[PDB]
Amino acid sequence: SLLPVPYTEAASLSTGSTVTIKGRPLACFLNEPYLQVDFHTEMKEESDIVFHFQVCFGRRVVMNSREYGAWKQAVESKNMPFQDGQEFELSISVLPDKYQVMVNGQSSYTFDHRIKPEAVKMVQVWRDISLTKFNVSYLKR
């Protein structure tokens, strides 16, 4: 809807940063829409991915990194706090040792840093969602 999807924003991340995303899946869960959030090391979409977060709504979540062109060890989760047909609020916080992903205010996934978050230059949000809000916080030293 309001924001264009695929959505790309230049970004910088460090401990204490938060990425906030508000959106809605474009299809009922029976049709298995996806959502993907990628933290890139360059503005180019083929660049490395420090944190890859892919939701198959109603089924599974996969997290990984792409380093020097190659996907590393996938982390797969069956935790599914997203609700069929509902708007969601997704929050990704940079902690000292990991990303923490909150879904509608509830801690739902974490992912230990494989690359320093300082390597991030770009965030992309895409696949089968509409987006009404995207924010990266920049309040900390």
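From 1 onward, residues are counted along the sequence shown.
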Looking at the deposited entry, does 94-102 or 71-79 carry the larger mean Cα B-factor?
-> 71-79
Would you mind comparing 45-53 and 85-93 for me and telling me which has the higher average C-alpha temperature factor in the entry?
-> 85-93
Taking the values exactly as deposited, rank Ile129 by C-alpha B-factor within its chain and report the matching third: lowest, middle or highest.
-> middle
Which third of the chain does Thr20 land in by C-alpha B-factor: lowest, middle or highest?
-> lowest
Consider only the C-alpha atoms of the modelled residues in this chain, order them by B-factor as the entry records it, and name the third containing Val37: lowest, middle or highest.
-> lowest
Binned into thirds over the chain's modelled residues, the C-alpha B-factor of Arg66 lands in the lowest
